[PDB]
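Shown below, as C-alpha cells, is a lone chain in the form deposited in one PDB entry; questions about how it binds or moves come after it.
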C-alpha cells in the first residue's frame, strides 16, 4: 500500500484545495537577471554577452555572463568596468522632463566619455515600463499553460501544476517513459482503479508500479543522501510536474528569449528557496523525502523564509533563543511532537518582561497560527494557497529633485507631463492585468520645498467622457501645482526638492 489516499490525489484536480494536499506540485519560476535579459534581448545580444542594466551610476541587474567577472549590484558602473572592459552597460529607458514618452538613449550613460552622450539625472526619470511589458508577456504564456498562476512579483510566478499532473497521470496516452513503454501501460493499475470508482476516498492508494520507477525527473533533483528517486505517488506527481514545467520554461525561452530558475516542491515556500538554489537556467526539484536534507543543507535559516526575513524573524531569533546557524533544524528539534508545544512556549516567553508589546510584531491572541506556521515551515510542509494580488489602492509617480531644475510653475508642469504619461501607461498595464476598465477618480499632487516642507493638494479628476484620458489627469495636476505655487509665495518654495502625482480611488468598472 501507498502512504497517500485517493482523496489527497483527487484533490489535485481542484484549484481551491490542490495546495493542501501533501501531493501538491507547485513551481516557482524566476527570471534570471531580469532587466539585464530584457535589455540583452532588445539589443540583439547573446546570453553569454556580459551585459549590465544601469540606472545613473548604479547597476540594477547583472547578467550571469557579467558575473563571471565578479561584477555585482554593489559595484558602480566604473568599478564594474575595471573588472571587465568589454562590459556592455545599458541604461534603462528614461523620460525627459517636459515630454510624455520615455525612450532609450543607447550608447549614452555616465560611463561614456563623450559629454554629448549622457543621461542627466537632473532632467530624466527612469521608466521601468519595458520590464513591465516583458513581464506581462511572460504572464500570458504562463496563464495559457497553467490554470492557476500567481504573479508573485514582476519576474516571478507560482504555478499550481495539480490539474496538469493529475490529468497527465490519469489520462495521458501520448507520453513515453522509454522506448516501447508508455504511461497508460505503466500506470494501468491506478488508471483502471480510478475510472473503476470502486475505491473508498479515505482508502490509501495502491503501491506505485515498478514500471513507474523508470520515470524521469527533469532538472536537478536535490538528494545529497542518494534517496531512491520514485518511491511513492508524490514522487510520481513531482516528476510529471518537472517535465510539464520544463516545457513551460522552454516556452518562455523560445517565445521571449528569457532563461529562468525554477523550484519544484509540494509547497510554495520551499519552491521559492529551490528556484533560487541554482542560477541561471536550472530547475531544482525537492521531493518530500529530501525536504529535511534541503532545509538543513546549510544555506538556509529561519530568516530565509518569506515573511521571516524581516524584523519579525529577528524577534523570533531573540524570542526562541535561536542559534545563529542551523536554526531550521533547531526549531524542528526543539518541538518535534506538535505545533502545540511551540505555541505554549511562545505564550510562556511572552509574559516575562523580555519585551514590550510596543515594538513587537508577534500577536498573542493568534499565537497558535505562528506555532503551526513555524512547525510546518521547519519540515517544509507549510502550504499556502496561490492568491491573486490585492487590488491597487494607489499609484504614485515621483521625482526626487536635485539642483535648480524645478524653479518655476512651468518646470513643475514639465515634470507633471512625465508623471502623467507614466501613470497613464501603468493604468493600461492594469487594464490588461484585470481585463477590466480602471479609472482613478482622485489625484494628489505633492511637493517638498527648498527647505523640505510638504505641500499637497488632493482632489477629484473630471472626465468629459466615460473613458479615462491622460490630458484630463494632467489638467487637474496643473491646476493643483498652480494653486500650491500661489500658496507658497513669500515662503520657502523654489527650487523644489520633490514633486509627485499620486492617483487613488480606482473604479474597477
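Residue numbers count along the first chain shown, from 1. Throughout, rigid core stands for the largest set of C-alpha atoms superposing within 1.5 Å between the two forms.
Mean CA B-factor, 387-395 versus 313-321: the higher value falls on 313-321. Set 421-429 against 358-366 and average the Cα temperature factors; 358-366 ends up higher. Of the candidates 269, 266, 86, 338, the deposited coordinates give 338 the top C-alpha B factor.
Out of 479, 471, 450, 28, it is 471 whose C-alpha atom has the highest B-factor in the PDB entry. Ranked within its chain, residue 98 lands in the middle third, by CA B factor from the PDB record. In the PDB entry, residue 50 places in the lowest third of its chain by CA B-factor. When the modelled residues of the chain are ordered by their C-alpha B factor, residue 467 lands in the highest third. Ranked by C-alpha B-factor against the other modelled residues of its chain, residue 241 falls in the lowest third. When the modelled residues of the chain are ordered by C-alpha B-factor, residue 461 sits in the highest third.
The next section is about a form of this same protein that is not shown, the form deposited in another entry.
For the residues 101, 171, 434, 175, superposed on the rigid core between the shown form and the other one, a C-alpha shift of 2 angstroms or more shows up only at 434. Once both forms are fitted on their rigid core, the CA atom of residue 465 lies 2 Å or more apart between the shown form and the other one. Relative to the superposed rigid core, the position of the CA of residue 198 differs between the shown form and the other one by less than 2 Å. Comparing the forms between the shown form and the other one on their rigid core, the Cα displacement of residue 16 stays under 2 Å.
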